[PDB]
């Protein structure tokens, strides 16, 4: 089809991976695996082959484990566009630019995330974060944005200490991923999603 864009639109995702009781995840086991030994990848529908990003930071918070991630995948943008073309387009207004079209699509088609942990039997308890396709899996709500601070801003309930640690941990982690894209495959993503 049309030619793949040369650079991926960087997408930042933020949200709570879990919420504490006011029982599977309690604050004590979360702190045991608080700093992940290995970087937690971001995939689609828990399929390791469909890796589209990387978790930038996970911070403990009184509400629950809060995370920030970076998604850099031209092929995910193309596949979501293909799904959008399979639906009746009734949006009234001027065409959105490349960045807000991607935000419009990934928020509606991948509205939640799911945290994967190792089996029950600092620590390696955290495994990966999965983008959940709507109508397939229902996880915790996230926000998508083209800015790091912008992705965290709508979460007013986060304590200022957790917010600060998140954006400083995410900034230094984003730096190690300088100029890194993800290419799981257009057909690989289409099979999982559509």
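Residue numbers count along the first chain shown, from 1.
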- Item | Deposited residues lacking coordinates between residue 121 and residue 122 (none, 1 to 3, 4 to 9, 10 or more) | 4 to 9
- Item | Sequence continuity check, residue 22 and residue 23 (deposited residues unmodelled) | 4 to 9
- Query: 26-34 versus 155-163: which one carries the higher mean Cα B factor per the record?
  - Reply: 26-34
- Per the entry, where is the mean C-alpha temperature factor higher: 48-56 or 122-130? 122-130
- Using the temperature factors in the entry, find which of 39, 147, 69, 139 has the highest value at its Cα atom. 39
- Selection from 17, 176, 170, 186 [criterion: highest C-alpha temperature factor in the record]: 176
- Message: Where does the C-alpha B-factor of residue 96 rank in its chain, lowest, middle or highest third?
- Response: highest
- Note on the structure: Of the three thirds of Cα B-factor ranks in this chain, residue 114 occupies the middle
